[PDB]
file model05.cif (mmCIF, C-alpha atoms and all ligand atoms)
data_target
#
loop_
_atom_site.label_atom_id
_atom_site.label_comp_id
_atom_site.auth_asym_id
_atom_site.auth_seq_id
_atom_site.Cartn_x
_atom_site.Cartn_y
_atom_site.Cartn_z
CA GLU A 1 14.20 -25.60 -6.92
CA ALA A 2 13.49 -22.16 -5.48
CA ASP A 3 14.28 -20.52 -8.80
CA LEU A 4 15.11 -16.87 -8.36
CA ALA A 5 16.06 -16.21 -11.98
CA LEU A 6 12.65 -17.41 -13.05
CA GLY A 7 11.03 -15.41 -10.32
CA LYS A 8 12.78 -12.19 -11.38
CA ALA A 9 11.67 -12.69 -15.01
CA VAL A 10 8.07 -13.20 -13.85
CA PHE A 11 8.35 -10.17 -11.55
CA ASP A 12 9.68 -7.85 -14.28
CA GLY A 13 7.07 -9.04 -16.74
CA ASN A 14 4.03 -8.85 -14.54
CA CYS A 15 4.61 -7.18 -11.17
CA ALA A 16 6.98 -4.28 -11.91
CA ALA A 17 4.01 -2.29 -13.31
CA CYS A 18 3.05 -1.64 -9.69
CA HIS A 19 6.01 -2.74 -7.55
CA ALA A 20 9.28 -1.86 -9.33
CA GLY A 21 12.01 -1.22 -6.77
CA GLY A 22 9.95 -2.97 -4.08
CA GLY A 23 7.40 -0.21 -3.67
CA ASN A 24 3.65 0.02 -4.31
CA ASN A 25 2.43 2.67 -6.75
CA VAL A 26 -1.24 2.20 -5.76
CA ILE A 27 -1.13 2.08 -1.94
CA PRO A 28 2.30 3.48 -1.11
CA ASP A 29 2.78 2.07 2.38
CA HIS A 30 1.95 -1.49 1.33
CA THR A 31 5.44 -2.16 0.00
CA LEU A 32 7.41 -5.34 -0.60
CA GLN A 33 9.74 -4.69 2.36
CA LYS A 34 9.68 -7.27 5.17
CA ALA A 35 8.27 -5.02 7.91
CA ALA A 36 5.48 -3.78 5.56
CA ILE A 37 4.53 -7.32 4.60
CA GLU A 38 4.51 -8.42 8.24
CA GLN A 39 2.02 -5.61 9.00
CA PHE A 40 -0.24 -5.46 5.92
CA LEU A 41 -0.20 -8.82 4.16
CA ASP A 42 -3.10 -10.80 5.49
CA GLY A 43 -1.20 -14.01 6.64
CA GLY A 44 2.20 -12.32 7.34
CA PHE A 45 5.74 -12.72 5.99
CA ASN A 46 5.54 -16.34 4.79
CA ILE A 47 5.65 -17.89 1.33
CA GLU A 48 2.13 -19.31 1.51
CA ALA A 49 0.75 -15.84 2.36
CA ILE A 50 2.58 -14.42 -0.69
CA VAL A 51 1.31 -17.18 -2.90
CA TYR A 52 -2.25 -16.79 -1.67
CA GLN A 53 -2.30 -13.09 -2.55
CA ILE A 54 -0.75 -13.73 -5.94
CA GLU A 55 -3.35 -16.40 -6.75
CA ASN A 56 -6.39 -14.65 -5.46
CA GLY A 57 -5.55 -10.96 -5.74
CA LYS A 58 -6.63 -8.35 -3.23
CA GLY A 59 -8.39 -5.06 -3.87
CA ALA A 60 -6.61 -3.24 -6.68
CA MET A 61 -4.08 -6.06 -7.05
CA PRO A 62 -5.25 -8.46 -9.80
CA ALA A 63 -5.43 -12.21 -9.33
CA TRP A 64 -2.95 -14.34 -11.23
CA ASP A 65 -4.41 -17.90 -10.92
CA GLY A 66 -4.53 -19.44 -14.38
CA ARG A 67 -2.55 -16.61 -15.97
CA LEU A 68 0.76 -17.71 -14.35
CA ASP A 69 1.54 -21.41 -13.86
CA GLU A 70 2.49 -23.12 -10.63
CA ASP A 71 6.20 -22.83 -11.18
CA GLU A 72 5.96 -19.17 -12.17
CA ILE A 73 3.93 -18.31 -9.01
CA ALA A 74 6.29 -20.26 -6.78
CA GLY A 75 9.31 -18.60 -8.28
CA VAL A 76 8.04 -15.01 -8.06
CA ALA A 77 6.92 -15.63 -4.51
CA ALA A 78 10.44 -16.89 -3.71
CA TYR A 79 12.00 -13.83 -5.38
CA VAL A 80 9.83 -11.44 -3.36
CA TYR A 81 10.73 -13.40 -0.19
CA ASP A 82 14.47 -13.31 -1.00
CA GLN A 83 14.47 -9.60 -1.86
CA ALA A 84 12.63 -8.74 1.35
CA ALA A 85 14.61 -11.11 3.64
CA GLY A 86 17.99 -9.92 2.24
CA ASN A 87 17.12 -6.21 2.19
CA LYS A 88 17.88 -6.22 -1.54
CA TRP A 89 15.59 -3.64 -3.04
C1 LIG B 1 3.12 -9.89 -9.65
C2 LIG B 1 2.70 -11.36 -9.80
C3 LIG B 1 2.87 -9.34 -8.25
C4 LIG B 1 3.42 -9.72 -7.08
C5 LIG B 1 4.52 -10.76 -6.85
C6 LIG B 1 2.83 -8.90 -6.05
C7 LIG B 1 3.08 -9.02 -4.71
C8 LIG B 1 2.47 -8.33 -3.70
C9 LIG B 1 2.66 -8.51 -2.27
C10 LIG B 1 3.59 -9.56 -1.66
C11 LIG B 1 1.88 -7.64 -1.63
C12 LIG B 1 1.81 -7.36 -0.12
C13 LIG B 1 2.55 -6.08 0.26
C14 LIG B 1 2.18 -5.53 1.63
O1 LIG B 1 3.02 -4.71 2.14
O2 LIG B 1 1.11 -5.86 2.14
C15 LIG B 1 1.17 -6.88 -2.64
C16 LIG B 1 0.21 -5.92 -2.41
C17 LIG B 1 -0.43 -5.16 -3.37
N1 LIG B 1 -0.18 -5.25 -4.73
FE1 LIG B 1 0.90 -6.60 -5.66
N2 LIG B 1 1.96 -7.98 -6.64
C18 LIG B 1 1.96 -8.27 -7.98
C19 LIG B 1 1.29 -7.50 -8.92
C20 LIG B 1 0.60 -6.34 -8.66
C21 LIG B 1 0.10 -5.43 -9.69
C22 LIG B 1 0.27 -5.67 -11.21
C23 LIG B 1 -0.45 -4.39 -9.05
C24 LIG B 1 -0.94 -3.05 -9.62
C25 LIG B 1 -2.10 -3.18 -10.63
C26 LIG B 1 -0.36 -4.66 -7.63
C27 LIG B 1 -0.93 -3.93 -6.63
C28 LIG B 1 -0.93 -4.22 -5.30
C29 LIG B 1 -1.69 -3.54 -4.28
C30 LIG B 1 -2.73 -2.44 -4.56
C31 LIG B 1 -1.43 -4.15 -3.10
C32 LIG B 1 -2.10 -3.86 -1.76
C33 LIG B 1 -3.42 -4.67 -1.60
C34 LIG B 1 -4.12 -4.33 -0.31
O3 LIG B 1 -3.59 -4.60 0.78
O4 LIG B 1 -5.27 -3.85 -0.45
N3 LIG B 1 0.30 -5.85 -7.41
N4 LIG B 1 1.56 -7.31 -3.88
#
call {"tool": "encode", "arguments": {"input": "model05.cif", "output": "C-alpha cells"}}
result
Amino acid sequence: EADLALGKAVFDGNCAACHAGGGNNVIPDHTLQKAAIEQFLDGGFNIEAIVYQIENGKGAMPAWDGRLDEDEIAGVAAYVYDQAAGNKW
C-alpha cells in the first residue's frame, strides 16, 4: 500500500543520480535528511510536499509528472519519507 520496495527501485533508477546516500550533489545542504527537508522543502516534512516537488520539479531538480506514474511517485515519496524518518541513510 505504501510500497517501499517499489519506491527504492524508482529511487535507484531516477533519483540516485543526484541523491544517492541521501545527499544532494547539486545543492549540498538540501539533503534528504529530515531536518534539511523541514528547513528547505517548500511545504515541510510531509508526503504531499515531497510529492509536489517530485511532480513539479524545483530549480535544478527536474519535474517527473508524466514520466513516472502515480504509483511510482507515491512509492518513491514514501521511501524518501521512511528513510528520513528512520534515520536510515
Ligand atoms: C527522484 C524522483 C527524486 C526524488 C525522490 C527527489 C527528492 C527530493 C527532495 C525530497 C528534495 C528536498 C530536499 C531538501 O532538503 O529540501 C529534493 C531537492 C532537490 N533535488 Fe531532488 N529528487 C529526485 C531527483 C532529483 C534529480 C535527478 C536531481 C539532480 C538532477 C535532483 C536535484 C535536486 C535539487 C537541486 C534539489 C534542491 C532544489 C531547491 O531547493 O532549489 N533531484 N529532491
call {"tool": "residues_around", "arguments": {"input": "model05.cif", "residues": "residue A:88", "least_positions_apart": "5", "cutoff": "12 Å", "atoms": "only C-alpha atoms", "output": "PyMOL selection string"}}
result
chain A and resi 21-22+32-34+79-83
call {"tool": "closest_residue", "arguments": {"input": "model05.cif", "among": "A:5, A:15, A:10, A:85", "to": "ligand LIG 1 (chain B)", "atoms": "all atoms listed in the file"}}
result
A:15
call {"tool": "atom_distance", "arguments": {"input": "model05.cif", "atom1": "atom CA of residue A:45", "atom2": "atom CA of residue A:28"}}
result
18.0 Å
call {"tool": "closest_residue", "arguments": {"input": "model05.cif", "among": "A:7, A:43, A:59, A:66", "to": "ligand LIG 1 (chain B)", "atoms": "all atoms listed in the file"}}
result
A:59
call {"tool": "atom_distance", "arguments": {"input": "model05.cif", "atom1": "atom CA of residue A:69", "atom2": "atom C34 of ligand LIG 1 (chain B)"}}
result
22.5 Å
call {"tool": "atom_distance", "arguments": {"input": "model05.cif", "atom1": "atom CA of residue A:24", "atom2": "atom CA of residue A:57"}}
result
14.4 Å
call {"tool": "closest_residue", "arguments": {"input": "model05.cif", "among": "A:84, A:20, A:76, A:4", "to": "ligand LIG 1 (chain B)", "atoms": "all atoms listed in the file"}}
result
A:76
call {"tool": "axis_aligned_box", "arguments": {"input": "model05.cif", "around": "stretch 1-16 of chain A", "padding_each_side": "3 Å", "output": "lines of an AutoDock Vina configuration file"}}
result
center_x = 10.0
center_y = -14.9
center_z = -11.1
size_x = 18.0
size_y = 27.3
size_z = 17.3
call {"tool": "closest_residue", "arguments": {"input": "model05.cif", "among": "A:25, A:14, A:30, A:38", "to": "residue A:54", "atoms": "all atoms listed in the file"}}
result
A:14
call {"tool": "closest_residue", "arguments": {"input": "model05.cif", "among": "A:6, A:60, A:47, A:68", "to": "ligand LIG 1 (chain B)", "atoms": "all atoms listed in the file"}}
result
A:60
call {"tool": "closest_residue", "arguments": {"input": "model05.cif", "among": "A:78, A:17, A:35, A:26", "to": "residue A:50", "atoms": "all atoms listed in the file"}}
result
A:78
